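In order, the protein sequences belong to chains A, B, C, D, E, F, G, H and I.
Offset between the first sequence (1-based) and the deposited numbering: plus 4.
Offset between the second sequence (1-based) and the deposited numbering: plus 1346.
Count the third sequence with the deposited numbering and you get residues 2 to 64, 80 to 150, in order.
Offset between the fourth sequence (1-based) and the deposited numbering: plus 196.
Offset between the fifth sequence (1-based) and the deposited numbering: plus 15.
Residue 1 in the deposited numbering sits at position 1 of the sixth sequence, with consecutive numbering throughout.
Offset between the seventh sequence (1-based) and the deposited numbering: plus 1106.
Offset between the eighth sequence (1-based) and the deposited numbering: plus 11.
Offset between the ninth sequence (1-based) and the deposited numbering: plus 539.
Cβ atoms here follow ideal geometry from the backbone N, Cα and C, with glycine treated the same way.
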Amino acid sequence: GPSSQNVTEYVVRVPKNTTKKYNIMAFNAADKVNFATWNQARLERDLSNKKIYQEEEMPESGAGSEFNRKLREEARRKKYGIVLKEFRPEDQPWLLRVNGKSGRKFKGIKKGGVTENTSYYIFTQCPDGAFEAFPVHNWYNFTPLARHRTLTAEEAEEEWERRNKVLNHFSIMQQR
Amino acid sequence: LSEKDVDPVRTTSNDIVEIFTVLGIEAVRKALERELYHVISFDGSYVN
Amino acid sequence: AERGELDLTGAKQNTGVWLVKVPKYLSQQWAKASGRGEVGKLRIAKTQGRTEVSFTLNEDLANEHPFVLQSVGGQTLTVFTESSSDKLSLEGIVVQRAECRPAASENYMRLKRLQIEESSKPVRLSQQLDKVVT
Amino acid sequence: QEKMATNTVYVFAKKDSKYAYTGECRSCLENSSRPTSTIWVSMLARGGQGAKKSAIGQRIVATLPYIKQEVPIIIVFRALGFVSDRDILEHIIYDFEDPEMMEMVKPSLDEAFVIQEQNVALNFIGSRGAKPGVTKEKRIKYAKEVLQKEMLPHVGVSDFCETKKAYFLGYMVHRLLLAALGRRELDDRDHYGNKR
Amino acid sequence: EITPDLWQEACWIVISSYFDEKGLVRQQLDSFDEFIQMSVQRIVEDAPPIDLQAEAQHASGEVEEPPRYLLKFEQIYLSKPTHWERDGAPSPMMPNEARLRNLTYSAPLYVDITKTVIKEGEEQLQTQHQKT
Amino acid sequence: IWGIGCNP
Amino acid sequence: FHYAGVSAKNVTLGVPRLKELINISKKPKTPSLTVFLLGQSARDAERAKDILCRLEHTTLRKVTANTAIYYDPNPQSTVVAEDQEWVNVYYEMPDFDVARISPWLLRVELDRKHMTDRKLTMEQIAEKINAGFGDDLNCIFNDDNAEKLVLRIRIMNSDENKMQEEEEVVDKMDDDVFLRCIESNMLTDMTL
Amino acid sequence: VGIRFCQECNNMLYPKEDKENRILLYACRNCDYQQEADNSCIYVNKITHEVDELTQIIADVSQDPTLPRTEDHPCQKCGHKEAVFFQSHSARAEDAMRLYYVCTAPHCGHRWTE
Amino acid sequence: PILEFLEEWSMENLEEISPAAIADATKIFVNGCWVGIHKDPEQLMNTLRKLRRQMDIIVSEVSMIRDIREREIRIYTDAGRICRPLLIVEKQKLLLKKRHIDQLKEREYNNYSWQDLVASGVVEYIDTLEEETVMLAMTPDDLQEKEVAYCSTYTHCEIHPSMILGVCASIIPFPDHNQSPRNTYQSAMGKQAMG
Ligand SMILES: [Zn+2]
Ligand SMILES: [Zn+2]
């Protein structure tokens, strides 16, 4: 039939600007990602700066230095280090939470290696029958986090002190 | 030396500390002399 | 329905998309005008048990690009877009990957050397000065 | 002045050291700046005997720069963000079909099975860090900085390069495991290929 | 065009070409030339720009009122070896004169520096100092 | 330079 | 480097040996012991071979071809096809079965070349293992006629029962980990 | 023998015995998934480690200029005369000077030891 | 430049690599950094060597080493690697031919020099790491010529074996007829001579 010798040729279109930027979402094959159960999802910038960058300077900042003491306090904190960095969301990883808290959580990180000598484009079918190419603004590799009980850091330190766990570890996990 | 069919009289070890702990200080005198003579005379050299 | 919700309609429709790695000269030729709505034509010829993919450069643009396919079974890829209206959406799932390679072998190295020289222009070197500055 | 080559992985066997096989890599930031920082990946000898120690046998440890105490290797991989055991072994062992290498990796996985959180692993690295750590938040950020810059600089120093560092660290482990299995010969310090 | 049993002449002709083009001490000279031509300039460029600002001077409203001074070094220049006399008059320094008078054979090193002043006056001025 | 039993 | 092959032994000589004797080092670099045989053992090479075997340290690791830890819920089930015959023979008149049978099994194959070189006996090895670990290990040994020498080891039947009403939930090492520890200890320190 | 990783958590499965059913179960400590084990062997150690190096040899080694080549030993699979031959090249190979022949010629990739 | 070329020549980057695919492919290290893997190693290695011999993208000092047994290609552009020039052998014939030595013989008024020889592809610089992957012939005519078969795959040839000696040992006449410690002693005595 015609399938054994079909020749398909389509026009290529590259619009100058698109309202929505195009990115790449890559899942590892072993993760067995399935979209049938993806009833809902939440993709947002991370807040890990809570732990290591911001609102960590909450209490000492609002303690209440004033007057000459205020001037000195601000100047002293600034000159002590090199002005702590705050939230600049566009340069931070992405957090994905599928089906709320019940479903799996993935973390995407921008591909550090830039494509100074490469570009990536995506071809999508359209009713007009011409391929459309859109540049890849960013590449993200998402890796899942198990929805299982997580050892507390303090408890983990206590357990690690007993590095010689002669007793079965599985029972220890059950106890936690 | 205790093992059967091993001569207790002639069996000797090269380690002088073992000779001291097992056989005594006089035995070490002789054993140290023997070992030093072996290192001196291996090349054929002679020391009085 | 919320700001952080991801429009998975593309996944539900199982829209298939193709990912291609293309060189900088082609992308820069496209970016030169980038607004004419046309950069070339993609021609795919299939035989009894073999398929070939090629791209022809537009005649105006120039003033053959064979495509080599890559297996996508080792990694699952999807495309998602962040709309300017803060409405994230999924366009489709990548079903095929391809690479675009230059046709010229040796004379293409000349253009590569020119690109290398252009990239080396910002590199600054110590300059020898004949007369001591007064 | 002759020096040992930088940015290369060399596996040596030290009899006196408790580690049976030690693999070292001295990394420099493209010779542009900073002193060369050496990161050692070592395998503890099976000579040490205990009810748990004999069962685990050889256990891999890593001497990251500016951390006083040896860090189990699985913990370092989790600190870089690769929490899942399968993914860590994917970086370390390139072919899962071979059983012997997986057997070698198993004890170190068991040693680090307490820590399954990236943040907890970072906190542990900071706590055993030589520089003092006042709080958990400070320790985590400090250890993250050490991993970003001090360890394996030639692979990357910024730009979210954790995957590249994970792959190169796994290469160091892979080479250490191959030396322990005997599949690759231990490197020679006197070879003038190594002596820049 | 093979060279059979004429190889003794041929090998020493190619060895002679090697030693004519590349001297015996070529390694030292080439390394030093790399240092001066590329490494010095790269070290200058790699250094982070100097950022300076006043410590809340004048205790006023201080809405970024202290000026910000930014310095960036660029375009390093080297002169030929030169000896300045007691009079202060520059003059070229020949190597033998350096041996006899116990002088040091050195060359002046000049850098272009750009200084930008940001006083939050809605105007930034980027003065350039040439061959410092 | 002679043999294994001699000298180097 | 320039000793001779006549010695047929590593020997420290020269300046290093002079330093060892002079400093009376506790550990010589090459400790050695020359044994002179008393009587007929000196005359006959075979008797001297017997004495050699008596004097040279031999562990299970030297004579063991390979070790495998299996889980066999029923000894009669004989998960390994090969051990079916001799396990059935032993359990025709089972011993210590009344206490219990531990499900985890340690199967050790002993190289015949090494076994005959050191003139060890399967019954002898079984007795030594039984004495070293008391009744905590139950061993089954093949006949020498069998082409493959197999020793089957299981945890103590009394220990498997625990012989205790309380039974203690400590469950130290369960049984598989304990069996691995036993294997390592046997290989390293059997001193057959 | 081989190590199995659980699907639910992608972590190593450790052996475990169900007392009620006397059935071996590979169960992760982190997650509750349990799997019946078909192999029924937990740990295998080969002290002799008599493992053939024919599997380890790569067919790519035939391209090496430095390797000696013999036309005396013909290839068994395809009859190509040339064959690079090299020794064990392996630490912990005990004492073996066996030559592990590798057939030359493109794509044969045959490794035999005589 | 080498990294750009490698990207052009079908080298998959580590970031884009599926972890399973690494096992069957050679790893490409550039200056000690694992850039990526290549599915077909020999073609890439030949292309890199052609480029270096033509001095197009890869400079002469850059050394490419392929460890066939370990499936790794290492390219070093680092400084401080010690290299010696060696003649190149293709098939069993030296690439250096009578036309080249005729041009070199009239080195004056022909402006043909060692750089022309390097650019022509007759000679190449090889460091020790690359020496491990190279079959060398001490003397061209003797070893290249067909005899009782020892090696039929010589890839490089020594220019002259007497170039292994240094400056002070090169003044010794008939060095091969002396005991070695005596050549070592003359190397030290010649530094203290008067002239
Ligand atoms: Zn699981
Ligand atoms: Zn064949």
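- The Cβ atoms of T678/I and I612/I do not sit closer than 9 Å to each other.
- Relative to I109/C, the option among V88/C, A120/C, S121/C, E3/C whose CA is nearest is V88/C.
- Scanning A25/E, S75/E, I51/E, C26/E for the CA closest to the CA of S142/C turns up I51/E.
- The continuous beta strand (DSSP E) containing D127/E extends over residues 124-133.
- Proximity of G1120/G to chain F, defined by a Cβ-Cβ separation below 9 Å, is not satisfied.
- If you measure from each CB to the nearest heavy atom of ligand 1, the residues under 5 Å come out as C17/H, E19/H, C20/H, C39/H, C42/H, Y44/H.
- Distance from the CA of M23/H to the CA of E299/D, rounded to the nearest whole angstrom, comes to 12 Å.
- Between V257/D and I270/D the beta-carbon gap is near 10 Å, outside 8 Å, which marks them as no contact.
- Check the Cα spacing between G705/I and each of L39/E, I17/E, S31/E: the tightest is with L39/E.
- Taking 9 Å as the cut-off, the beta carbon of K1135/G is found closer than this to the beta carbon of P1122/G.
- Sequence-distant partners of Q312/D (beyond 5 residues in either direction) whose C-beta falls short of 8 Å from its own C-beta, in its chain, are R274, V279.
- When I698/I, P714/I, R592/I, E629/I are compared, the shortest CA-CA separation from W27/E is found for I698/I.
- For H84/H, the shortest C-beta to heavy atom distance toward ligand 2 is 8 Å or greater.
- One Cα belongs to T115/H, the other to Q74/H, and the distance between them is close to 8 Å.
- The residue among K361/D, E296/D, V353/D with its C-alpha nearest the C-alpha of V62/H is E296/D.
- In the DSSP annotation of this structure, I1288/G is not part of any beta strand (DSSP E); the continuous alpha helix (DSSP H) holding it starts and ends at 1282-1295.
- A heavy atom of ligand 2 is found nearer than 8 Å to the CB of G90/H.
- With fewer than 16 other Cβ atoms inside 10 Å of its own Cβ, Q197/D counts as exposed.
- The beta carbon of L93/E sits closer than 9 Å to some beta carbon of chain C.
- Between the alpha carbons of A727/I and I711/I lies a distance of about 12 Å.
- Residue contact with chain A for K1278/G: present (Cβ-Cβ distance below 9 Å to some residue of chain A).
- DSSP, read as helix, strand or coil, puts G112/A in strand.
- Beyond the five residues adjoining it in sequence on each side, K1168/G comes within less than 8 Å, by CB distance, of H1220, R1224 in the same chain, given in chain order.
- For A74/E, the C-beta contacts it makes with chain A under 7 Å involve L75, in order along the chain.
- Here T359/D is buried, its C-beta having at least 16 other C-beta atoms within 10 Å.
- Beta-bridge partners assigned by DSSP to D29/H: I34/H.
- Ranked by Cα distance from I1259/G, the options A1154/G, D1241/G, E1253/G are led by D1241/G.
- Residue state for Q67/H is assigned as coil, using DSSP reduced to three classes.
- Not a single C-beta of chain I is nearer than 9 Å to the C-beta of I34/H.
- In terms of Cα proximity to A34/A, the closest of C224/D, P231/D, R324/D, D281/D is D281/D.
- Among the CB atoms of chain D, none fall inside 9 Å of the CB of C1245/G.
- At a C-beta separation below 8 Å, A34/A has these neighbours in chain H: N21.
- The beta carbon of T81/H sits closer than 7 Å to the beta carbons of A94, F96 from its chain, once the five residues preceding and following it are set aside; these are given in chain order.
- When C-beta atoms of the segment 635-644 of chain I are compared with those of the segment 27-36 of chain E, three or more pairs fall below 8 Å, so the two segments count as touching.
- With respect to the 9 Å criterion, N1244/G and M1228/G are not classified as neighbours on the basis of their beta carbons.
- Under the Cβ criterion (8 Å, minimum of three pairs), the segment 128-139 of chain A does not count as touching the segment 167-180 of chain A.
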